[PDB]
Protein chains: 6
Amino acid sequence: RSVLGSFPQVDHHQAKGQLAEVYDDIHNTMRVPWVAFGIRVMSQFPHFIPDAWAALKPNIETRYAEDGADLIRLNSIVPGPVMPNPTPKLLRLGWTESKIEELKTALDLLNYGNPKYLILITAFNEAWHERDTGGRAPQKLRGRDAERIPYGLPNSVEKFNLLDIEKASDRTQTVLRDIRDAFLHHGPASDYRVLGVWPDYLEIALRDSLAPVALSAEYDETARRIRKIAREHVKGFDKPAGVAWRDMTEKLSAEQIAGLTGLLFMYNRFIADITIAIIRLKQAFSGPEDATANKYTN
Amino acid sequence: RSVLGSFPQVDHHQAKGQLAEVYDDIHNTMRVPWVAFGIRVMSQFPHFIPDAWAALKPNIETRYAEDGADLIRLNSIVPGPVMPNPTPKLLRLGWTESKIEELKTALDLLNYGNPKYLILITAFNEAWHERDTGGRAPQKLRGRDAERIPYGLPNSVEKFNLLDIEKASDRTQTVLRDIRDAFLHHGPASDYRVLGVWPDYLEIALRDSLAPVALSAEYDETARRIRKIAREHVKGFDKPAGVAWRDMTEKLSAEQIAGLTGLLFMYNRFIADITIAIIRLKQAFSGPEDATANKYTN
Amino acid sequence: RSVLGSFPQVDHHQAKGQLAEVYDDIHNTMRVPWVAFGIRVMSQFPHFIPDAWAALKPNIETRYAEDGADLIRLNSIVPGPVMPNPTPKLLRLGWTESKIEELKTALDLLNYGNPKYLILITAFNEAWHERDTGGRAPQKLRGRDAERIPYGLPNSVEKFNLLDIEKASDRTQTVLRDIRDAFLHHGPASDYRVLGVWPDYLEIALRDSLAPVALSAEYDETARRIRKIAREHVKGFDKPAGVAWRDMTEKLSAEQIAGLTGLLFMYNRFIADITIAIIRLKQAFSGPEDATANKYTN
Amino acid sequence: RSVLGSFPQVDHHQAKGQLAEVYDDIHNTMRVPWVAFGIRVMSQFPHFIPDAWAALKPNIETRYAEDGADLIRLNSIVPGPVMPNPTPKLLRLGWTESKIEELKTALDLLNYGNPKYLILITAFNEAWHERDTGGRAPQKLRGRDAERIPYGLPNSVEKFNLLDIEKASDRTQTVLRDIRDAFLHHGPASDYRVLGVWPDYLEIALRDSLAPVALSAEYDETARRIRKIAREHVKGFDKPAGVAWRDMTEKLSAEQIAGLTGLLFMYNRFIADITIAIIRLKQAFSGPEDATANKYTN
Amino acid sequence: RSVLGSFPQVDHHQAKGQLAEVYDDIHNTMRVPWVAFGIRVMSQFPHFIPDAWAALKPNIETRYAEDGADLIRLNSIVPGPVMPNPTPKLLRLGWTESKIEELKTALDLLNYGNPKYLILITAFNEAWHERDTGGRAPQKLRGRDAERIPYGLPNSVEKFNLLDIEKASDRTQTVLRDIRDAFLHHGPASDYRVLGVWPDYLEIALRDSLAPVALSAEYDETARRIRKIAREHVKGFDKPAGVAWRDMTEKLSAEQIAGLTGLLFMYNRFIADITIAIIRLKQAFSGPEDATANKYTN
Amino acid sequence: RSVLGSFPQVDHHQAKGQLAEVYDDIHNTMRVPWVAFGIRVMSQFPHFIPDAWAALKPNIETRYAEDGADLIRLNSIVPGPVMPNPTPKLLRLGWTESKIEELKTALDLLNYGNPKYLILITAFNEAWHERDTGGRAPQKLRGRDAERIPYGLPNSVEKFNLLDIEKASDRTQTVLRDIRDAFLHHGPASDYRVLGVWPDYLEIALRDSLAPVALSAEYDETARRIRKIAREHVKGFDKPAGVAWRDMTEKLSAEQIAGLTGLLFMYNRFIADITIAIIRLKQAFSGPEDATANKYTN
């Protein structure tokens, strides 16, 4: 029994037909080089991801949504211990500067997309419960709030290739498992199936950056803060940004409504935690301003 | 379309056969007059609730487990604003003392059971992820810790009858909906399908006790605290207290594994929040010592 | 020169004609044995106190207002250091039990009235700025929230006689001055012109109960908390509960508008600080439950 | 009726004779391009502002006093949520960099002066109550502390022109009223009669920077902090830095003493709050170190 | 090698001659049934303990000192997690009510003495460094404050018999060692050489009451708070309450002065930590009011 | 009598023979230009310093140890008030830029070495109590953690010359005494026998930097944090990094064991406090990134 199993989901390479188009539309609409694990997991269910994504799309594609993710991102620093810079440690492992930069770019890309995924998951979860995810505000978006951000990945960004956990070394599986468990999560975030090609670094990240704050009041309060930012932000959308499960009862069985309810709630927590975690990983390299900047859609 | 939907679940009256026996075994083993909403929802899926319960039962029937629930309960007070006693407000609504005592008894019974359900859900959720829910400790429980508590509901305690949301008044549905949404929950806890026969009280409870603290750092920090207590405590069990989803892959589909993962996580949060909420409601009548006492299994 | 001046105000014995009736209606509507210092100072301006009181009266005379004052009272404990009971020191000074009880009664009366005066001053100040002090809520008060509390002082309560500061001893003056200055106030609260006939007690109270928390984050946070409570609570009034200065410009000169504006604001802070202070004094004798109880209008 | 009234005051253009001299002396002694709103309101009273200012001037013109204002400035950052940079948003509204820099300069000027006005108001308020604002210390100021700062506005700085609220657009009135009420203030600070020529920016500032922290414990603790710094600081002046109201009773009536007492207290809070607000506004553009720097009198 | 060593000290039974008189004088002046471990350790050095006690005695025997120890005691509760009552566990282990009361009496005795020992050690340590421990205050103590408390142990109290650690069971050594190391202390407090005859209880106390808070911010802040209370309090003594090491250089060697400096500082911390610990143990039995009461010298 | 005494210790110039070798080995192993005051004082006892240093040396000379001290250093900022930069005061006093840089360099040297001395004293103290200082971690250091940092003082660094306190001016004695007593220390840290040649600066530092945070919760929590960092970090050492007193009983007398136990505990606190203090002094010149950088051994 391997250390880490593969969690059930429609992996990037498994999406077919319309769901594959949805995955690509998520990548391009959100300008992110991976489809979040929440999506991938929930995409195993009929209808919901496509439907919810269709509602979210026009709302998440705007500058207003982008500003909300930026607010999330800016607010994602944990007032925790100060971390040492992993750079010298990676240099001591003989990583080149180019390799460290590849890691830093991967962190940046994750730190760009995760806050947008907190917007996404918030919109999906809140709308699932008929809570406010747009359309209720008296004033529609004005000025350039309503404008669309660019479509597609930013230049020079390619899609991530998430490592195959079953194929991964025990070391990779172990650190992904440790990171998972340190935060009482259910699986390694996509971020770690990205970063987990460098389990040497992830072990440093876990010891220096993540384990010291996992499950702490300060981390949880940061998550609370950013979840609140996301939740408030989506109320400014011009139209609802997900689908209500009570509207889905012809498309989904009771059992699927229950599972997706759980999943939506768990992922709303998970994305906020992962948003913080990877920002904190970049913060160790750089500092909070860099790690929370919007480096892609400005 | 009504204010509040019925969330999918196996309601107490719907359980049949071996699941009805599990439900009764839960009532009797935990000494609680209701089967928690998370169990009722999760019991729509095959295998899991029966199998997890079978693992949990010998753990949760011990005095050790009971002390863990006591520790949760004792630590469930939110360091929030001081609440006014609802008693005079109920007396102004013309409630008799008897009727007020009926409500206080209901709160006491929920306050007894909820922390045990936090142990339950923590055990289920952590075990599902192969995290520590027993059997790893240096030695077995002994002494007082190992003794089973009594089986069955306490003297004078009968099962609660949860109200049927579909049949409830708009006022009842509204306050259950408001209480659900005040905490960003997915449905009304069983507690409120109990207390919701008194929506005039629940409106006061929401106003006075719950709304002022819902989503607040103080509340969420209390939930973190008691979740941590429960999570630490189950490590003391003599044997694992749930099932791991990687052991359930012949019983559950990928989709059900994902749904149950979500559910377990959501309910591990939900039960903590509700434990705190109904303790807070009793605290308003009484104070923290009474609201957090173990009144039933000493 | 004495260390303490008499601050300009219409003292209880100086009010005449309609203003005297207003003072008495304040005593009797609020069931308090003193007209608060803010009112007595603001009463030297034409119009405002009578006009603002007229607006407030029907709102402050209700159970709803009384519950708001209770919510303030209940939340007025500072999370500060634990205080010793002054009783032994007073006994050792030869105070009789009777006199200690006279002092405790005086504290209880002040602690009854002060939260209601915080509602009063908050309504006045908020309304002065056209902020919400009633009438905007969609739902009017329902049930018995709208009922009047009894008119007049509670049985066995007589009006306080505030000491004449000019005639007071140096020791009374000094401790009132010291208490004023410890909190950066402008004058001794009425409370201290009542309690300051016992300056030996006030010196103990200053040392034990007030000085250690004056100006602290804990005190000021308590004050913020009860100010907020009052400010929120007055929005529930059925009609606005003061007058707007922009509606007073035929009755008040610019200079008077400016002075009253400052006075309103200063007294909105003063009354919250004093509410906390005298509650804290009683808390040293008893404890927070007793010191924050509504002992008069239930 | 207008959304916003003009509050009674001697506006810049209304001061005549000796009071105009005083205004100019305040501009030049403090090196600020506006006479604070507290001064302009209080200047409608005879004697007090000239008399208080005469006492304060030799104290506030010192480098010691400047250091105090620097300490206030450096300590005015609220440990609140992180704010997005308004720069992109102003660029989206088509503002040139030049115009943005004009706004940043105006914020800088406000941020320079407001801490000094907190020294001023603290001196005035504490001296009014005969509390320590100088002359009680062991040593007189000596060395660098004693040197007068430059007189006059800094190079390239011209006096601000405060917008006429009666002539302002509804948009400007609305945002000034919103900012006023967000902090439970009595009128728009001078700062907003300066910045309110850009109501598009002030709407951003209110949503991004001010509203999220208004009335919060963090803001109010910041204010407590800087009020304290100022209050401690002025004890180091060589002689009292204001006038006591007990010494003013031939110059001011009882009513005016009461009005000024309120106004002083209200402005001592107002000016701290506005100090923090406009520093926070600059912080959103440029960070806490830039926002809290002394850029003018070094 | 045993689990626990006996730390060097002049144990109660080893003190001879004038040092035995000093020990008895400490018992009788402080009204405590043990000479604290700090004194016993420091009493191995010549002169210091007799001299410093001579200075302290007239100061600590006063009601003013007693009131200081009461403020410490009252402020020694840690705002930690809520503890279960150990009573049921002890009952289930077959302790009798009488044996439980014997333990509760022991805790009460300890909780009476330890605050006074924090006065003692504070006075010693601060006086060692020529810091203020009396004689600098404006007034001599007058009145109640100056009165000596009674001399001798309270009615019904006899001296404790501290267990001989070398003769103790491994179980007692172990729990003493664990309690010592949980708080990074150097040895078991006298309290645990009292309570360690019930190592069953101390194991419960360690798991339930002490480990959860040891080395925590809350515990350390409690200790800071009470250390501060003692340190402020001894400044009100009429004359210095220890000896300065610079006045002991004919009595002590450099090495002894260094050693005693370290011991005094260590015990200043130790006694505050133990004060809190044993109060917290009694709190688990009863509650903070009982655990912090002065039950012996009123 | 002078203001400040010289505390008993083997000063740098006093160490002879093997102890002088140990002092030089400390300098060179830790790359610090002074032997800490704790070492100097404890070196007056036989055996302990040489023995404990022998155990610590191979552990403290590693990159792992250095990363520990870096973690300490980076976490040493107190979340206290923002400080003004002393530079303008020093320039105004006629300090030259060169001199200010000599000061800044001294601070940087101290800030490099103090965190390492906290590792040192922590190892010594915890080992003295048989607590974990190495050799118990399942995994030995790997990679370059085990590698030696360079031996010797960093290029361009010479030993500090600590001032002779007996020969110092009253001004230097006074500021050293004030700084010692502000923190309730026993003597001036080596840092102030270095910096105290500039008492003008230390007076500014005490006023601007140290006094406002001494004894505060924020300071002491920072110290608790860094002490915990150090204490956890030494457990990662490959073998124990000091000597247990129970292994020293042939080499030290009971009185020396007691004194050293006290001194070790006291210095484990002292070094933490001094670490934070000098970092805070450099932070006033620069900011937290600079003041907590490792400028010497990277």
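In the text below, chain A, chain B and the rest are named by the order of the sequence lines, each starting its count at 1. For the numbers below, each heavy atom of this structure counts, side chains included, while hydrogens, waters and symmetry mates do not.
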Donor-acceptor contact below 3.5 Å, side chain [X] vs main chain [Y]:
X	Y	result
B:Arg280	B:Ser209	yes
C:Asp238	C:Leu141	yes
B:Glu218	B:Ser216	no
C:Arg136	C:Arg131	yes
B:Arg73	B:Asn111	yes
B:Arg180	B:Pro188	no

Given side-chain contact (heavy atoms from CB on, under 4.5 Å), test E:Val82 with B:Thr292 step by step and report yes or no.
CA-CA 10 Å; E:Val82 179; B:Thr292 64; 5.8 Å; no

Quick check: closest heavy atoms across [X] and [Y], and the distance to 0.1 Å?
X	Y	result
C:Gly68	C:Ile119	C-CD1, 4.2 Å
D:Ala214	D:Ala182	CB-O, 3.3 Å
C:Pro115	C:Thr275	CG-CG2, 3.7 Å
C:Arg224	D:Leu215	NH1-O, 2.9 Å

If the threshold is 4.0 Å, N to carboxylate O, is there a salt bridge linking A:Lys228 and B:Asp220?
no

Side chains of [X] and [Y] in contact at under 4.5 Å (non-hydrogen atoms):
X	Y	value
B:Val41	A:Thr261	no
B:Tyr201	B:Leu93	no
A:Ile226	A:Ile276	yes
B:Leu103	B:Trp95	yes
C:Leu74	B:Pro84	yes

Less than 6.0 Å separating the ring centroids of D:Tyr219 and D:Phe183?
yes

What do you reckon, are the aromatic ring centroids of A:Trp128 and A:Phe265 less than 6.0 Å apart?
no

Pairs in or reaching into residues 104-113 of chain B: which pass salt bridge (charged side-chain N to carboxylate O under 4.0 Å, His left out), with residues at least two apart or in two chains?
B:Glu101-B:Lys104, B:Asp108-B:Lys282, B:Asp108-B:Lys295

Pairs flagged by salt bridge (charged side-chain N to carboxylate O under 4.0 Å, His left out) wherever residues 197-216 of chain B is involved - sequence neighbours left out:
B:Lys89-B:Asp208, B:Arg171-B:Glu203

Apply salt bridge (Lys or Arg N to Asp or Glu O under 4.0 Å) to C:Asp67 and B:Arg92, showing your working.
CA-CA 12 Å; C:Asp67 276 349; B:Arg92 298 207 290 270; 2.7 Å; yes

In Å, rounded to the nearest 0.5 Å, how long is the span from CG of B:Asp11 to CD1 of B:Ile165?
8.5 Å

Enter the distance from B:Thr172:OG1 to B:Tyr192:OH here, rounded to the nearest 0.5 Å.
14.0 Å

For the residue pair A:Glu126 / A:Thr133, report whether a side-chain donor-acceptor contact shorter than 3.5 Å exists.
no

Quick one about C:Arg225 and C:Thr222 (side-chain donor to acceptor, distance below 3.5 Å, no hydrogens or angles considered), yes or no?
yes

[X] [atom1]: over 12 foreign heavy atoms closer than 6.0 Å:
X	atom1	answer
B:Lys99	NZ	yes
C:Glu147	CD	yes
B:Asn161	CG	no
B:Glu289	CD	no

Taking the six-membered ring for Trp, are B:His186 and B:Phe270 parallel (under 30°), tilted (30 to 60°) or perpendicular (over 60°)?
perpendicular

Let me see the working for C:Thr297 and C:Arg63 under side-chain contact (heavy atoms from CB on, under 4.5 Å), right down to the final yes or no.
CA-CA 9 Å; C:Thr297 301; C:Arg63 171 39 64 187; 3.9 Å; yes

Out of B:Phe37, B:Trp34, B:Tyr267, which one pairs with B:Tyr117 under the ring-ring contact (aromatic ring centres under 6.0 Å, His included) rule?
B:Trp34

side-chain contact (heavy atoms from CB on, under 4.5 Å) between B:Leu109 and B:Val194, worked out
CA-CA 11 Å; B:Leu109 284 165; B:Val194 176; over 6 Å; no

Stepwise side-chain contact (heavy atoms from CB on, under 4.5 Å) check, A:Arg227 with A:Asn125
CA-CA 11 Å; A:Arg227 292 197 317 274; A:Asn125 186 87; over 6 Å; no

